Amino acid sequence: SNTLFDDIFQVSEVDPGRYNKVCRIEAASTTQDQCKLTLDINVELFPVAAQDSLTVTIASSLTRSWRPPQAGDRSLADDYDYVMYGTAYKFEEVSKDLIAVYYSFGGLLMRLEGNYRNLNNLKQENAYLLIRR
Amino acid sequence: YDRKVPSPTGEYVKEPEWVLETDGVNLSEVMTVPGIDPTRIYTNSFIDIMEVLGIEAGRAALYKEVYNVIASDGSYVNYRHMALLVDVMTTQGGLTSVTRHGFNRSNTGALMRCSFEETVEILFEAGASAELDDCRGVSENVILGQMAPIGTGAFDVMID
Amino acid sequence: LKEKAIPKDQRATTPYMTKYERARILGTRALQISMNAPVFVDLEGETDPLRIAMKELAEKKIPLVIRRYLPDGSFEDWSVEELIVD
Amino acid sequence: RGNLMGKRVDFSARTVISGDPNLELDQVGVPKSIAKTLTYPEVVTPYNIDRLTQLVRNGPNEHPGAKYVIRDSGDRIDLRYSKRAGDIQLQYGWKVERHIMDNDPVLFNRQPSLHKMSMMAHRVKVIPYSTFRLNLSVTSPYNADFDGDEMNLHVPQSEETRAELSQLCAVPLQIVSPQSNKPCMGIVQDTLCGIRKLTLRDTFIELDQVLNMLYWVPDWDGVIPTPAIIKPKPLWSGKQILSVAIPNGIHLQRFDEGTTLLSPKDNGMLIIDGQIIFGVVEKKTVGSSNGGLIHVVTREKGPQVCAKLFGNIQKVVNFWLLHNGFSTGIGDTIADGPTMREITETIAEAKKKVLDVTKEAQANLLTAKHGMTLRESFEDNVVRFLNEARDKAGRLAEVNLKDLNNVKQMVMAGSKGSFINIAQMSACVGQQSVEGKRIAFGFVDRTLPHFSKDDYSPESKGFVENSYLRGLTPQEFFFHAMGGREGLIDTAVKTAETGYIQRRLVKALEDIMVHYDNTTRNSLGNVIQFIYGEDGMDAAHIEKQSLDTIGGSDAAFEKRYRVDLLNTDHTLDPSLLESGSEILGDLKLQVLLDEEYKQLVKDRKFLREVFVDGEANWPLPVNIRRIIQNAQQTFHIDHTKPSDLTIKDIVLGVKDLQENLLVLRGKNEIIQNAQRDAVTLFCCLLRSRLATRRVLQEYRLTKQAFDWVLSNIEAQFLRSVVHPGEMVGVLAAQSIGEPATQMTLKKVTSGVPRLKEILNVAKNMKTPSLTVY
Amino acid sequence: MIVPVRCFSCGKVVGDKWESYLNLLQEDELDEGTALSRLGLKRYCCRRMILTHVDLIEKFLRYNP
Amino acid sequence: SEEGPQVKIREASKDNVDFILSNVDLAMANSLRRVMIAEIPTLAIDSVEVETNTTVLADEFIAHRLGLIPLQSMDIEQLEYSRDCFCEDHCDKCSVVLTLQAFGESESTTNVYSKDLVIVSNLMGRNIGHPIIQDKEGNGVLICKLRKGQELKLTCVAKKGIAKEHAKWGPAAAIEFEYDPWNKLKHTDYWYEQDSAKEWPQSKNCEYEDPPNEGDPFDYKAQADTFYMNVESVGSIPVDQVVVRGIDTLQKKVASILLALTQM
Amino acid sequence: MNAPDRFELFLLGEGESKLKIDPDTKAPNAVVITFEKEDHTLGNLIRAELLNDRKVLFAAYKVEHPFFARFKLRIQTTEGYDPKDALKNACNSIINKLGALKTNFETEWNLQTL
Amino acid sequence: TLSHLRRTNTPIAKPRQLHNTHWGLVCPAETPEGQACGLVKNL
Amino acid sequence: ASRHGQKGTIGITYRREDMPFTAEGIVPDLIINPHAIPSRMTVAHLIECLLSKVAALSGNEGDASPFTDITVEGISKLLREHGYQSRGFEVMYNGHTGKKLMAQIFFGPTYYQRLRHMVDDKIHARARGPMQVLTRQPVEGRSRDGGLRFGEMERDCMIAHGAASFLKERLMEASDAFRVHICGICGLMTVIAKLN
Amino acid sequence: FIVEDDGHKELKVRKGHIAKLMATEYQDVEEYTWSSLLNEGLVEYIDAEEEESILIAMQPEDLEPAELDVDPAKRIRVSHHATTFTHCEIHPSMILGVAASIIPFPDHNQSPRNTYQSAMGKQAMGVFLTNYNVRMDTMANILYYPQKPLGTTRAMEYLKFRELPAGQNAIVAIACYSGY
RNA sequence: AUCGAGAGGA
Ligand SMILES: [Mg+2]
Ligand SMILES: [Zn+2]
Ligand SMILES: [Zn+2]
Ligand SMILES: [Zn+2]
């Protein structure tokens, strides 16, 4: 029920595509220079510009309904500022000791590449994503 | 015609080949010619292939013509349907056409055939020859207002 | 024409119950039901003769026999108890 | 043929049709006047007497009611005019002709009734207007519009008749059409355009609209799905809400020409356990297409689940769209200035090419291409240029249209529209044709009295540079009139020719019924086919799947199926089995695997000998491509644990599974050889999928899931078997008559005239040819 | 055949505007657009009721019975 | 002033009231618009008993016209629904009996205006059923025309009702209703071929809202509260009492809900 | 010739009651209320004001068919909150808002000069 | 009424489709559909 | 139907509240589907809307003759100078909610006609009644409370499903049933039968 | 119309004739009638066979000399490149029939659409005669409130369409809305 | 009512 991943990514490629409310971002980890990812970001909600520094986190909690945040008694699990919730749909193995994970947050896609989340990410629908400015 | 052929590696590849299309048709002499492959020739007329290359080849040429006219519109119908139609046109010696000449003059009952053409002359010739109708066909048991030998009536139901 | 039956041990027709014979069976049952005939199941609160027939069929309580006919004149007799339903 | 083969009947009705989404699929909006008219005889029984007595007491002038009452003596009792309208007390054995009521099964039919699927049962829903309402997804097997179309409704009069309607001619059973081996009904214009703009990446839904959308779906559990956005505002995706109607356990995998698993263009379509993961929804997915969502849901979950799937998608998408809106306007016909200048510069370059060719051919410097004369070479070189210019200008227009051009979005949805529509409305309507050639010379050596004689210019033989938006000139308008007249007359002729063709078809094959020995025959006892469809399978329960053993290189095939239990690097790695190291050596199993591989290579050569063109995608009964997914998700396989299968398990299980895929059941070697031949394609497929290396490496099955696969495959095979009694002659004649009606107009007789040369044996064919190799 | 009481799409009283309409362009020599504006008809849903209206009753009356 | 929905009125007349609704949810303003249109009772003619018709028109033509004439219904609340009352067909406390009698004496065409409707039933002292005449010349609304010798003689029993049962009771003309004119809320994707700015025009109310500057990102948790409305009346009820009685009618609907809950 | 009498849109008939309550199936603390002879006018307003309440998990309305004058509303609440109380309080908030609106409006109109 | 007053009929080799001579003497658009399309023309 | 081959029935009648509406408080008389536009290429409809709106505002008559040099661009200039959008869209509000329609909608006046086919003139149903004298069959025609022809095309239809009992009911129990006595020696309907 | 040499190729009609014609049309002097044009040799009667021997211009603006600035939204009419003229058409809109003269912009539709409308306009409800109240025909249907269209073909003026119209200017919105 | 001819409709 605790965090499964933490890293610091500096973005490299920003691409609006054909849309107007979303952007494909291709970012790379800093000083851990073998894990790279690509992510569909709602620009209207989190206006991620080019060449930024964004902290990326992956959680597994914090079925039943989703009641809206009722009061402060519902304590958030996020000092971050942009949170999504999706599902795994494939785990690609590009090369030996180089894995890739595939996440889908209801259309908005993410691909992550590297070999150091190995013990954490599973083929479980439960996968929260957190982004800090 | 960029025909598909297997390479020695097993992988298919398009091998281009030169093909000859005609504005006329005479099969009896074209295949018996040096320089060609008399095993791959095809005529868009099936009724010449029925005479030259036996009957099953004519059946296949007819089916291919039908599939061509359906594929012209991009449509696709399943092989059992056209196959039933074709092999019906071929379940006799040669091409039994689908006109008043062809299948129509069969002995398929007497009240059956009196519902397509020559509606009166058929009854006349059947009274003459004194035909006996099995009354197993659809149209006979329909005209009799009986439950026709259809899927629902392909059997009988008794008590234990 | 004389005794064109087939002994049960040696039969070759499809052992499943096709939608045509099944539909005719349900219809015969609904017919005799709708005209006040007894019922062979503790009916779970249903009144429609067709659904009564469907539940009876699911419970293998229909004493009807299908005489599957062939071209040669011979035939086969199959029980509703025999005929599998899928 | 006027009073015996077909006749007017009682218990009938007919009126105008209209579309109402809030009806399910197999419902029919029936007016109240009709239901006051039409009757159904019912027998008084202790199940119904309490209701039927009240029904009588209600009288005949308001629904629910009843009109006539029959006793055992047979004297009809007229409730409309009698003394005992309210005094009546029914003793048993009696009949009441009640008004047709809700959930009654009735036949709904459209003239002209060509398809077997155009006379379908329907469930009555009594509505307060005077039109037949129905679902928009049933416009396919009727070819209806709501433009004045009217249809007919017949009522059964016996309980077995109600059964025949509700169990054979019902709508949900007619989703899958035997012709084309694919569903006939699909998602239609309005729902489709909605489901597109609903499912974009960009389209996000707020809270209140999401909760209403959820409540709209009838069969809903109350689990408010977690949104895709959490922190700034809990937004949902159109996919994340749309998934709520797609039932649990539906998987769908499709790729569209650019489909990385990133889907950089949202192409393709992924559906995981009944939840859409990525990909736009358009006709390729939810349409009436092959292997779409209706196809899969109909095969897997059943007819009723698919009907409710129709209902739910409709009720959701129409709601969303109603609150988001859509229009067409003319702004969607105006491309940019520079685009229009490029368009007319292209047309001018085409005109100058034509004029160069003309002044060339006027100097007899024409290499008259072989086979055709001078003037024919010229006509081809000019018509080719004009049509190339038209299509190039249309492509320029479609390039310049923006993403929000509403016509472009109806094009992308597939609801209504094409590309050539765009080319004509905005770019260039093109050159018209009468009897094949250009606008003929009506006057002596000229087309119209406004031109010099002998004017072979593009502008004189019918070319229309001006798009529909700019405006046609008088001459061009008249040439378009000449073209459209030929269009109208060809339509009116080919319609009737198709009608007579199809009548001849039906009346030729009308008695062809699959008898109980699976031998297609007719009234005389003649045999047409000894096995129906040459495989004994129904046209329904058939899906297009790939014969994967064919195609690809030999060495890759060896890597994909060859297991050498006697090698270091060609054996099943112990990572894939508990019995990995134990099985090394053990020639007693390598003989079995060698036999497997010999049979597989035999089948490879066999298929490459049959399907010479190398096409593997072909129609077969059981879709293993989906059953493997069902297994991988039903027993929760993880691709990490070793299997618990001996190789003998897989091999002997397959080999005795083949021995149960019965089609014919006879006890003799002739019928047995017929059956052994008549499943050879399916068994080739089976081995191509259920291969030891392929099984244990590509889908790491357990024992439980494996035996479940081997039972469900037998089940679907025995269900896909064609059913004795099917009148296949009418079915085939219709399957070939309907798609012919939709045909119309490089020199050969193509379409209907080819058809009438084919059916009636035509010794004077208008275009024989001899393609020789 | 006669001037409607109210417009078909908004519901404003447009009948009282007819007798004036003619005399605004027949006496005051106005234009149809300005002679519609000066009457309080601004939304075109009302404008089209008085502009497109054909008073046929003037011909219906010519008949004696 | 009082707590809650604040209103700033811009222009007002006997014809239309143009104002601003402020600090309300959207659904409340929408419901108010709909109830202002077609749920406040008025009065108009619901039966026409014709005796002599020599006009060039039909009887039901003139009937349909008569139903549509606006009638003064300020004091409508003292009049009861014809279905509610106990009378046989219609009485004085439940209906108003206008009548009409015209004859074409003149050689010229004789018009039949609205003011020619003569009241017959007892008013019992209330402002009810006066044919509303807002013409600048005194003449009512033109019903029919007459040649020499063509007479008309009918009576009209006007009962109470609302615009749902038929649109003749419609007391509201056209409700201007705009909100977020700059579209700072992104409630609509503007269609464009060159620029969403130059092609669509500046709304009238754009001066009453603070312009957004292209630098500030989008206010993603703002919800619409400010609306810009205009109510036009036909004449049966003045513009003020239209919106007042519409609000009273919606509150009455909620009150009937609450008493049904009590019955439960 | 088959169309209803118009007044059926807003007047009940033959024991058709104004409100009917049904506990929802497959929902913890929830209810679906069949209104009768009401339209979007009341339904969307009640739903919005219910969504203003911070103790309600779920609230939404629908008109299953526009031929008929009816609309159903479903509400799911917290524990201890019989959803009828949430409906009551939302409705009373609506009525008080409308009253303050009418009062402010009469004030401003009397202030207006015409 | 005005169309019916100007309507033709042709009894019955391609007499149906529109012809270059029909310019100005016969409507190119106005004609019935289906049976006898192009036979019945309006000047 | 419009004046450009756009046929159409009336799906339903909406009251004025439910209807969408623009900012001016104007409400459509007609709501037609967009999808019927591009498969027919009726540009005169879409242009006519523009011309009618421009002439309705201006107070002139919209010259719509063919072969006149009327640009859509001049119409757009005019409709821009009249304070409207250039290509004829207009922001509309949903009538149920009032939430801005994300899609602005083509809105304008346009000529329409009422074709002579009313449903009350078309509707028809028959349970039982008059029957022909010779054929003992249901008579033809609504004017006589006639019956509907279960023609042989529809019979070809019903055969594919397998419903034989339905055909027997349709052909005898629904119409022209008859009971005939016959002889075993002479297989004709010549035998005499005194029933009572 | 007749084209001849005056100078050069010019039609025989002239603006003074239009002056006299419309001045006669206003008196509603020696009236200038269609017969006055015909008996003056300014107009001829060409049948189908005769037009095989003449060259007809379509618009009189084909007679100006030619020797730039243009509206790109205007239609693209070709330079006629002909100078051996004998006649000029009256007006091409006159090739249409009575029923296809009601459609606006019939040059902007697909000809099947115009034929379908030609056949449907004969069905429309409206005023067929001002004396419907006297004539007792078997079937009469009259539109309560006819309206003259806002889009008018010029040829309606001679078809009396704006005096006996048979339709109404419905406020049309092209929208997806509730799927009915 | 029977026969035949017409204009229309999907
Ligand atoms: Mg149609
Ligand atoms: Zn208006
Ligand atoms: Zn009273
Ligand atoms: Zn005898």
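Placement of Cβ uses the backbone N, Cα and C atoms for every residue, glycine included.
E:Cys10 (Zn(2+) binding site) falls within neither a helix nor a strand when secondary structure is assigned with DSSP, and so counts as coil. Using a 10 Å radius centred on the Cβ of E:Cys10 (Zn(2+) binding site) and all shown protein chains, the other Cβ atoms total 25. The Zn(2+) binding site feature in Swiss-Prot is assigned to E:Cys7, E:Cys10, E:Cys45, E:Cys46.
Annotated ubiquitin cross-link per Swiss-Prot: E:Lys59, in sequence order. Counting every protein chain shown, the number of other Cβ atoms lying within 10 Å of the Cβ of E:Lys59 (ubiquitin cross-link) is 16.
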- Item | binding-site residues compared (E:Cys7, E:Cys45) - the one with the fewest other Cβ atoms within 10 Å | E:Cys7
- Of E:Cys7, E:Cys10, E:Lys59, listed here as recorded positions, which sit with their C-beta under 8 angstroms from a C-beta of chain F? E:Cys10
- Under 8 Å Cβ to Cβ from E:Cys46 (Zn(2+) binding site), same chain, six or more residues apart: give me those in sequence order, or none if nothing qualifies. E:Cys7, E:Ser9, E:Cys10, E:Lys12, E:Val14
- Message: Measuring Cα to Cα, how many Å separate E:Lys59 (ubiquitin cross-link) from E:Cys45 (Zn(2+) binding site)?
- Response: 27
- Message: Quick test of understanding: given the recorded positions E:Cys7, E:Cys10, E:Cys45, E:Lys59, name the ones whose C-beta is under 8 angstroms from chain I.
- Response: E:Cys10, E:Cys45
- Task: Return the recorded positions from the list E:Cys7, E:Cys10, E:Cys45, E:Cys46, E:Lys59 for which some CB of chain J is under 8 Å from the residue's own CB; sequence order; 'none' if the set is empty.
- Result: E:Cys45, E:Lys59
- Query: Hey, does DSSP put E:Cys45 (Zn(2+) binding site) in a helix, a strand, or just coil?
  - Reply: helix
